[PDB]
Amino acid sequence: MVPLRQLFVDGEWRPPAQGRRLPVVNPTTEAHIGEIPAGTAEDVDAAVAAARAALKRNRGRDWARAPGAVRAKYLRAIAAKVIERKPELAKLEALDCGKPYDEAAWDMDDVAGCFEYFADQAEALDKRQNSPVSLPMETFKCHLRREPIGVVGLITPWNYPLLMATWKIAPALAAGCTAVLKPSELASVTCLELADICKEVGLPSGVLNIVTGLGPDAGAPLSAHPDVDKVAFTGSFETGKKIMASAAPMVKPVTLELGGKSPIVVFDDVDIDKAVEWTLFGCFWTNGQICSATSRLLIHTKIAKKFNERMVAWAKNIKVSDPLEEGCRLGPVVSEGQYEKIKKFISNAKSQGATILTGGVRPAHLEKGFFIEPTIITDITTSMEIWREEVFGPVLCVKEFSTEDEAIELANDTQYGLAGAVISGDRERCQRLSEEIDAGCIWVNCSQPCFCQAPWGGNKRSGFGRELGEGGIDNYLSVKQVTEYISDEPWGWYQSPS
């Protein structure tokens, strides 16, 4: 059902050194629909060697030190190809990761949009070169150079397979870096198709290299590679710790875009059905596999009863089916491992004394696949595992509040800090919550809309740094000051012996 591709190293299709493979499991049927290479340390070494050789080739005039206008042409051309292959790519995305077709089509528009946005950033880089720095001494002059950081290691998750890859590839390429992409072993199909798009577009050999494989066998040697200049990582807090620990012996820079347990605070002065839809979107869209999921609902006590009943009616109305089926609004979760973890979180919540308001069972009409009904859990306590840990399934927990200070304390009662949301008709209250909730992104009267134009990132256990936005390219650039002594006078610090 999916293409049979190899690893992409030095602009050519390369089989894995050890000849091992991993299955492509369809989450709707539980069947193997293909295979991806099982990359190892030798394959990573080859991809890093190719990225290194491409960066230094012809003093870097073919890519790295070439004008931004040149790299922008390949970026815009990759975006044109993704739009051209949109139905096949969205279908492969739904087949590989389980997300509804409508979500996967949205993802493909954003992939091209992100390549387009960063092509403009590459052209904007030329104007930023040799930027003067005003000094307090007329005897000196200063200018800034913004050079590619070098060979970058890009490690991504399975929840937006091609989009997560694009978030790192598009700015890294725009900056003039050469890269090694290690996408998730759970969803590598569309990334291998991007490799085909690059080959088809004639992207210079070795500029983008793709090594598929298991986290410990392909990800870990890439993260710890002595010849990788920077690691840009997106994944769990658990893996983020290993990524930073692997970089420490080489004082190697990293960016960490990790998990979350984001809150949504819904006040009593809302349009109930509008607030309910955004709460369901904030926890159930992407099949609940949202890094920024507003997975803790903080609902005002005055409307809680009515709100909870409206949520259950909307949740029970969500069409759960094969992601390729018309009108699908909930697909299966990515894999068996993920499904079992979500099952365990749900049973632990029941054991701890929580109430399953709705869901927490397989949908009646779907005997096969990693299908889970939209789940709402009430009578939650702050000490429960379900309140503290990232579930990564369509599982929402609910806590009531009576005052604005109780809501802010409960919203910040997390060791994470990726995102947050506030729903209220009171504008001044929305302003207060936007200031007081500790997170990289606060939504007002919504939850989840993520624009390429704005910086994205977490605080605390959600990691550090910001990706995307007008500073997105700067993650892959190194600043060099060039300071010149322009006086013909001797320095005059030391006494001349003559």
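Residue numbers here begin at 1 and follow the sequence given.
Comparing the deposited coordinates for 375 to 383 and 192 to 200, the stretch with the larger average C-alpha B-factor is 192 to 200. As recorded in the PDB entry, 211 to 219 is the stretch of 211 to 219 and 384 to 392 with the greater mean C-alpha temperature factor. Looking at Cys446, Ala454, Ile36, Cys441, the one whose CA carries the top B-factor in the deposited record is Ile36. Of the residues listed, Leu181, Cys397, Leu280, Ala77, the entry assigns the biggest Cα temperature factor to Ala77. In this PDB entry, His300 carries a Cα temperature factor that places it within the lowest third of its chain's modelled residues. Per-chain ranking of the deposited C-alpha B factor places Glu12 in the highest third. Per the PDB record, residue ranking by Cα B-factor puts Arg146 in the middle third of the chain. Sorting the modelled residues of the chain by their CA temperature factor places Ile486 in the middle third. Per-chain ranking of the deposited C-alpha B factor places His225 in the highest third.
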